[PDB]
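Presented below, as structure tokens, is a lone chain in the form deposited in one PDB entry.
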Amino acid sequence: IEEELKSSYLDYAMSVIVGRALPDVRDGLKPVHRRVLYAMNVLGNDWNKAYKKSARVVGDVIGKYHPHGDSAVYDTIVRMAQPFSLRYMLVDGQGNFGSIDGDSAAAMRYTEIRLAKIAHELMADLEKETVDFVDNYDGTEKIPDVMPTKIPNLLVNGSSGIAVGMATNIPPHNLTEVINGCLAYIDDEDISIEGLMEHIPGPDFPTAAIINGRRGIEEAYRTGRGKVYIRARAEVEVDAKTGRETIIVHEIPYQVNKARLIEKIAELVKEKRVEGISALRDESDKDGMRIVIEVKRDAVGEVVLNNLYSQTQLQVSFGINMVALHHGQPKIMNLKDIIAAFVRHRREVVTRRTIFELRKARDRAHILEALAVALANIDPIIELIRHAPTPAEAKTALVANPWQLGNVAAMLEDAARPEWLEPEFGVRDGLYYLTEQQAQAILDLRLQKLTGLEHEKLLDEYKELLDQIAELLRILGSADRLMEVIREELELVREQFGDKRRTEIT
């Protein structure tokens, strides 16, 4: 704490708030988010596996990762489950998770959750040493510092929070559009903000509705700060027999409580502050919003609506203030900063992933050799172990003698060698000198394995492995090929989770 802080105007307490309340730019999560999702991933609470009780996830989170009584654990679960909150839900919830009308979710003992399909994308390759881990509160568990997200989550799901008086307001966005942005950027590090907006014309809210005016959006994407207006989608309908005018509301601005908005209209009508309204009914159901606003016959529909736009939350403004943590500091960022931070994240992730796969590949190949060689010497080895008196003896005995690489010899004829393996081990001039750990591998293998279908199974795996090691080494060899792997991952994501824009921009 003390050492590392000696050059901000920021003191320790100040930096805790920053770290807890502002999202990381690369995955758009704050620790509490990261901790819930991670706890879910550890439980195997997968999108395509049975729902677990929210309480079960709450207790894990609280026990291993977030030992405070704060409702934030459960509230975060609920929020990530609501389709009026996240443009791309990260939790798939079953039961009462509240509504657009502001009513509460059932208690954690009554709801069930699992990870949304897309959430796995956000935590893809978490086991491949792709991100740093930090200690939990008691030194007993590891927690991701950031998620290896294939999803440009901060943009797509947007953000809120405030620390040291510095607020963050990022609106949600359309995943397809954002992925296109990303690919555009990959092909042109110099692409202008204007060039990006060809792909990302503007925010895209889960609650649809309309944005009036692009000046707000441009300056937001250019500077990180800008105001934009969200307007309800509501026409006036006319009855062809009667001539009755009825305003219908299909969509409202993001973050507006539908019930509270209706209360407000009812109340303006009481106070004669808004005239011309015979009747007010919420006819919304499971299949879409429908607020019914019947116009008096002596009043004008167009006029009553316009009146409502100005006096209520049928129209609100939303101030974009794009702040995230970047390399540890809270910066204001423009649209291109945010995309670059993401693409750069993907490059780090993919590289570390590739390195890991390679080490895992080589370690397994190495082990395979020890066994292949063993299968090929069944009789000397078994007679060896059998006449040794102790496993420990069998081990130091195994290692004593190099071994005639038998029929196995062919299979070897050297990029499958562990970076850590010293030069006197391996296949030194016709013989095979064994790692002391490789002896274990042999001593550890079960009678079961001395079968016919062992040799097929192993030569096969080694074959597959070298093949893999080949392709991994070409990724590390070629920056082009590694950017290829990123484009394809992005493309794949566009295609499995991309959806139709919802908010219309005028």
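When you see a residue number, it is the position in the sequence shown, counting from 1. In this text, rigid core is short for the largest set of C-alphas that superpose within 1.5 Å between two forms.
Another form, the form deposited in another entry, is not on view; read the next lines as being about it.
S.K.: After superposing on the rigid core, which residue among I193, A184, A299, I367 shows a C-alpha displacement of 2 Å or more between the shown form and the other one?
M.R.: The one that shifts is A299.
S.K.: Answer yes if the Cα of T140 shifts by 2 angstroms or more between the shown form and the other one on a rigid-core superposition, and no otherwise.
M.R.: Not so; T140 is displaced by less than 2 Å.
S.K.: Is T242 among the residues whose Cα moves by 2 Å or more between the shown form and the other one after superposition of the rigid core?
M.R.: Moves: yes, 2 Å or greater.
S.K.: Aligned on the rigid core, do the two forms place the Cα of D46 2 Å or more apart, comparing between the shown form and the other one?
M.R.: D46: C-alpha displaced by less than 2 Å between the shown form and the other one.
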